[PDB]
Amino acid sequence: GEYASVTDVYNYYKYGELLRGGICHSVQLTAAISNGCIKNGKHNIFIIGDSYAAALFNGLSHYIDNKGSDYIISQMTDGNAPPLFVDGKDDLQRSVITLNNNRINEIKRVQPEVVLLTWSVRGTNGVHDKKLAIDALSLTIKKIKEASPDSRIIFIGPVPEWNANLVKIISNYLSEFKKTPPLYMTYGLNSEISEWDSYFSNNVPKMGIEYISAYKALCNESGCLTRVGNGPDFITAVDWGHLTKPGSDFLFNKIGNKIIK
């Protein structure tokens, strides 16, 4: 039905608009500053990382607007550029190390109240060995603390991932069983992400920063959240894992009060 008709997920979900592509996501530094992506006011929440970090913007914006909060949002994100100093290239063939040097320099300039970070743990320029990944994050943490000693640093952990595009997993369930799946499910759910979330829950707080489990916010004993309504416009992920607007909104409804007291 409606789920089977979504065959081009990036066009259907307006994926560029979702991440603020061409404005704050995957842009040159002079464009980022001119477009107002780096705020200098009080109560500034400064997002850094790859497209998983960009996907947080919608839910945080919605939480602030719904609460009538005076908090503001900065964003320096780029596809295939985690907030880790790894010698790889982003989607525009730029140096991931150069991009992270520029992010640290802007954090130093504006002294934000909060730095909010995440990445795609299985992505091209991620770090696959969990212990070496903690060591790489420790280098970023030390640079942020030196640049802006009063900033709170918050790592929002990995979101749930699926074995194909989530809309295709739901279409597959309907074709096999001719029944709508449950709201929370393990059908088509990737088993590795829970292991990353558990490792970070145990080890990140000892590094002198805050950890928020996105996985525990979106998952329960029945599995992980597929949707907040009937049809493709209400599912939680664009592809295997990048949050839709409804997915991002649900996450921040759950975790926003851990960021804004």
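One rule holds for the numbers: they count along the sequence shown, beginning at 1.
In this entry, the higher average B-factor at the C-alpha atoms falls on 189-197, of the pair 45-53 and 189-197. Relative to one another, 74-82 and 133-141 have unequal mean CA B-factors, and 133-141 is the one with the higher figure. Within the selection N230, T236, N58, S26, the deposited Cα B-factor values reach their highest point at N230. In this structure the maximum Cα B-factor among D150, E106, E161, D87 is found at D150.
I209: CA B factor lies in the highest third for its chain, per the PDB record. Sort the modelled residues of the chain by CA B factor and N102 lands in the lowest third.
The deposited CA B-factor of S120 belongs to the lowest third of values across its chain. In this PDB entry, the Cα temperature factor of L174 sits in the middle third of its chain's modelled residues. Compared with the other modelled residues of the chain, the Cα B-factor recorded for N203 ranks in the highest third.
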